[PDB]
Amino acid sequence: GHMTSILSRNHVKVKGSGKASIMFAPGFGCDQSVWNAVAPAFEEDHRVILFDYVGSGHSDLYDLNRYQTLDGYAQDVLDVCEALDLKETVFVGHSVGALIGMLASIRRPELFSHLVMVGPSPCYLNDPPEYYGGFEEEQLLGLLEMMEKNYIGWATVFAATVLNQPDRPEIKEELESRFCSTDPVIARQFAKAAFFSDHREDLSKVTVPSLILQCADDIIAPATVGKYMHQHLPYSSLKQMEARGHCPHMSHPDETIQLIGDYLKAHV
């Protein structure tokens, strides 16, 4: 479609001002809203870009085919960069969003100055002896099933796994709520695209500099994957966050804001 429509479909909003722009991409089951505690801190010095995946960024409004693989999601990112008429932008992505950002940069690397990956994973499958995704093919298949047979029950089960912080319920209920509010068929398509994707082979093709924020006590993306990505991504830096779980941008906005801000102040 044309500029205005892309802007409509991906709920594109621009805030702040600066010579450079930082584009924030939601992880699974989330909308731009997950960035409320982190993104405004960069409006002072950068044009800040927020958006939702038409592939139901935890919301309504779409073509079946394009969102069966993450490429469709990377195509949204490209489409928005195009509607905004951007020449270059920093890209901040969470979980799948990071990978989605990665795939898009491989297609159009000139479009991205940096790839800040909060909690990435290039593959969730455990693959001894060289790779430990953190999941057994059957565990993933287990959740996908739970997701169909009973969606809402899954929304809560998974919200707990992702946060892995029993004494931080407000966040968990918010995550659970975000999951519940997302169309269950698309949620499942998205999850399949994410859980069964394998992008290890693609790591070597990334030419855009990336910062890997690995979380602590992360069941979704264990330390294994963060290190492994650092090892295979040609141009990267790996910072271990003190924050626990898979959603630092929600549970530890401040540490997230610092790490991201340092990294950028540095690489100007």
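Start at 1 and count along the sequence shown; that's the residue number.
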| item | value |
| --- | --- |
| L61-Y62 interval: deposited residues absent from the model | 1 to 3 |
| Residue range whose averaged C-alpha B-factor is higher in the record, 69-77 or 123-131 | 123-131 |
| Mean Cα B-factor comparison, 146-154 or 84-92, giving the higher one as deposited | 146-154 |
| Out of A104, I171, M117, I186, highest CA B-factor residue | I171 |
| Candidate set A41, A243, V48, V206 [ranked by C-alpha B-factor, highest] | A243 |
| Where the record places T224 (Cα B-factor, split into thirds across the chain) | highest |
| Third of the chain's Cα B-factor distribution that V34 belongs to, per the entry | lowest |
| Entry-reported Cα temperature factor of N164, expressed as the chain third it lands in | highest |
| Position of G27 among the chain's modelled residues by C-alpha B-factor, lowest, middle or highest third | lowest |
| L141 by Cα B-factor - lowest, middle or highest third of the modelled chain | highest |
